[PDB]
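Below you'll find the structure, written out as structure tokens, and then a few comments.
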Amino acid sequence: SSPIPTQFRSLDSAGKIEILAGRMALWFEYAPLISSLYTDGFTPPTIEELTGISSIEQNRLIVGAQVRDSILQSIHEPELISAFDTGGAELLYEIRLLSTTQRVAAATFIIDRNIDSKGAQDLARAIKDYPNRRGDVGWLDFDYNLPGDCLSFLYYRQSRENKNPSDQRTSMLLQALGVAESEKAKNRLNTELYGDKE
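Right, dumping it as structure tokens:
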């Protein structure tokens, strides 16, 4: 599944389990030990019983580590990876459905703008959804390649579902503006939010 780190590759199950029970490494370093333990014939409930890693956290760690590994292999800035060393699992898990290229871009955006897990979920969902919205008003003003533009376009779509004028509409438009990256996307947002009634 993932690659087991050198320092751990000659452990029997018991050694892997004791390490996990002590969280005795970086999160993505003990994650492959979980995968490895699965194939030893150990199932998640009994791994939670022995280490305290809930079966949900297990999946999050394994999948996060694979996402991390995607970015690592792909050409990237080295500092990007360094940023996930602590609590990076919950953010990387959320972008797992994206392609490799999208993962590198989304992760970069998550780091630059300090996005939490919820926001990362929204971002990943927005990126994944964008191509399906071709017919929608304003779609051409947002760059699919740009994570913040994808998320911006989702907030903009949601704003067009609210009444105009309303505080809800205004709030969604201001959110769309907070994450927009391209000038074309900011142009449309400015045009529609600040339209010369104001």
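Using PDB author numbering, the first residue of the sequence shown is number 72, and each one after it goes up by one.
In this text, a Cβ means the ideal position worked out from N, Cα and C, and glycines have one as well.
Out of the options, which has the shortest C-alpha to C-alpha gap to residue i?
i, options, result
"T241", "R196, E263 and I181", "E263"
"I133", "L163, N258 and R205", "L163"
"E128", "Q173, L91 and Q229", "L91"
"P74", "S106, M95, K87 and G93", "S106"
"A256", "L211, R174, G86 and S237", "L211"
"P202", "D187, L222, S153 and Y265", "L222"
"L168", "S141, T157 and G112", "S141"
"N216", "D187, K234 and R174", "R174"
"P103", "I166, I152, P116 and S84", "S84"
"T172", "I118, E89, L143 and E150", "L143"
"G206", "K87, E119 and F224", "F224"
"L248", "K87, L82 and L260", "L260"
"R184", "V250, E254 and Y101", "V250"
Could you check how far apart the C-beta atoms of residue i and residue j are, in whole angstroms? I think they sit under 8 Å.
i, j, result
"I181", "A197", "With a Cβ gap of about 13 Å, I181 and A197 do not count as contacting."
"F99", "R139", "5 Å"
"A177", "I166", "5 Å"
"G112", "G135", "Between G135 and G112 the Cβ distance is about 24 Å, and since that is not below 8 Å, they are no contact."
Let's test the definition: count the other Cβ atoms within 10 Å of the Cβ of residue i and tell me whether it reaches 16, buried, or not, exposed.
i, result
"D220", "buried"
"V208", "exposed"
"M243", "buried"
"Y226", "buried"
"residue 15", "Summary: the structure shown does not reach residue 15, with the chain confined to residues 72 through 269, and so no result is reported for it."
"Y265", "exposed"
In terms of residue numbering, what span does the alpha helix (DSSP H) encompassing residue i cover?
i, result
"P149", "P149 to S153"
"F99", "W98 to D111"
"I88", "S84 to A92"
"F180", "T171 to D183"
"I118", "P115 to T122"
"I142", "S126 to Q144"
"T262", "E254 to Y265"
Task: In chain order, each alpha helix (DSSP H) run of at least 4 residues that lies wholly inside the segment 186-252 - done: Complete alpha helix (DSSP H) runs here, min 4: 188-200, 218-230 and 238-250.
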